[PDB]
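One chain follows as structure tokens, the form deposited in one PDB entry.
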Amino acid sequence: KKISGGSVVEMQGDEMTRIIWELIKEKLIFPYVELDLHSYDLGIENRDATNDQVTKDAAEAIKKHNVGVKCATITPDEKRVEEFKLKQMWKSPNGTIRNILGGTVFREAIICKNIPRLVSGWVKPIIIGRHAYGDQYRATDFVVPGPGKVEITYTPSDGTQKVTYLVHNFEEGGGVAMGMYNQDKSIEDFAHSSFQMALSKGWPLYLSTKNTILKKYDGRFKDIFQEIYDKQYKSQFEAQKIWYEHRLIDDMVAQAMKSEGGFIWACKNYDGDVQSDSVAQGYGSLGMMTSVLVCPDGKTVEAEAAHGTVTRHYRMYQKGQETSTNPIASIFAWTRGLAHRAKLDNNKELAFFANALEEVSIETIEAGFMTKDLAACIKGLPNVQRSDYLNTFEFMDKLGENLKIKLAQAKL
């Protein structure tokens, strides 16, 4: 019989990723796993039709059932409003879900021995976590049109003495100014997620800051992480022969690049961005990275591919043209989700399945069966021949055949 997988929240998306998402379910998941599936259609037409209520209901379902797996979705701009005749320029469903759940966004690459990367020596992923403070977390920047003083004041709730700090007195010309903040509770949540991620993986954790420039602001992150480590995690880390260390951002980047990988990196940046850094995009654009939101309760996770809907491929698909879209990141959104479900329910069979599907995916690519973009990584796009890659459907078929063999081997 099939594995009884339990309660999973699944969010359907848009364009090419919507096609691949259905292929993953029909070919890799449903033949082996039975789910109490809480399925939400976050397709742009359905979000428009429901006045974005579907997104809010999907976020509430993840909060209730603790496991969410999300397909890439269209974030509307002026062009999308005209394309689909939208009622409004709906907000990013990622942003809406992230604001409702809160938590730390961790980014993890899928590594294949034959697939080039920035550093040859990187053999284990470098998991970078950025805390989501929200879109209710208002960054306060403005133009200073001309001379005058910019001041920042703190007024205690208890009526006690107001404190005023001079940011700058613009004596000639103008510029720009900004105000930023972080609550201690948000730093504490970021710390807990980071320490638990490091223990979960059995890897060391590094926190990077600019505490040389932001002595009080970044110093608070450094002190809170250190206090939490000393009081709640030091014993556990020493027992796994791992450690926690703070690093300045410049030292951390240089050290990571001379590393073999295999560490957690809690990244405290200035603007509170949670998106991948610029250079990670050269690898995320391959369909080889996931984004996992780890919520402050230590029970709720939301997993998704770290790429968009692949519009360019969807247009080819709409014209009946052959496509070669990499489903790896979307598959790993499912496996990372299912592995978390297995951990919460102590479901050994589901935990085995999720790990086996990850192994099958990496092994298929490593055996030389891959989509066009991966073949172009190895050979160079001008040198790629049709015999070097598999189309979307052929690649999914190969994964399905390989998964069947793998699960048969597991029986004996």
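Only residues modelled in both forms are compared. Residue numbers run from 1 along the displayed sequence. Rigid core here is just the name for the largest C-alpha set that superposes within 1.5 Å across the two forms.
Only in words, not in the display: the form deposited in another entry, which the text now covers.
Participant: Might you check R138, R80, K87, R315 and identify the only one whose CA position changes by 2 Å or more between this form and the one not shown on rigid-core superposition?
Facilitator: Per the superposition, the moving residue is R138.
Participant: Could you check, with the core superposed, whether the Cα atom of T104 shifts 2 Å or more between this form and the one not shown?
Facilitator: It does not reach a 2 Å shift.
Participant: Superposing on the rigid core, does the Cα of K268 end up 2 Å or more away between this form and the one not shown?
Facilitator: Yes, because once the rigid core is superposed, the C-alpha of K268 moves 2 Å or more between this form and the one not shown.
Participant: Answer yes if the CA of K299 moves 2 Å or more between this form and the one not shown after aligning the rigid core, and no otherwise.
Facilitator: Moves: no, less than 2 Å.
Participant: Since the C-alpha distance between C71 and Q275 changes by 3 Å or more in the other form, give its direction relative to the shown form: closer or farther.
Facilitator: Farther is correct, given that in the other form the C-alpha spacing of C71 to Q275 is increased by at least 3 Å.
Participant: Indicate closer or farther: the Cα atoms of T300 and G284, in the other form, relative to the displayed form, with a change of 3 Å or more.
Facilitator: Those two alpha carbons end up farther apart in the other form.
Participant: Taking the rigid core as fixed, pick out the runs of 3 or more consecutive residues whose CA atoms all shift by at least 2 Å between this form and the one not shown, and give them in sequence order.
Facilitator: Core-superposed, displaced stretches are 118-125, 133-188, 194-286.
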